[PDB]
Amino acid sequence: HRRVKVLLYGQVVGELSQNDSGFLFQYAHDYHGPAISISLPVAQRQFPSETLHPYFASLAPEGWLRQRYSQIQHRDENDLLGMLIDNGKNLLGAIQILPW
């Protein structure tokens, strides 16, 4: 469905993938830096889930900011939960969501 790069402090730490059964977040086997979230420890490396990992869902903005973005950009309200790619560069902290 979709495949996107995940990067922390400007350097890519892993990749977020989406297929038919669900999503898969993956740390690059050569990354041994800090974990992007305490929900996603670096030691586990691979992260499967049918629904979007609660960390990634929570980086999307809501409220007035979700309304102004969705009145002009028609994304699939739920099936495409990757509204993060459109907002990837305006995320809180040191994390960026960038297309391949």
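Each residue number is its position in the shown sequence, starting from 1.
As the entry records it, the average C-alpha temperature factor is higher for 68-76, out of 34-42 and 68-76. Between 78-86 and 5-13, it is 78-86 that carries the larger average Cα temperature factor according to the deposited entry. Among the modelled residues of its chain, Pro48 has a C-alpha B-factor that falls in the middle third according to the deposited record. Residue-level temperature factors show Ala60 in the middle third of its chain, judged at the C-alpha atom.
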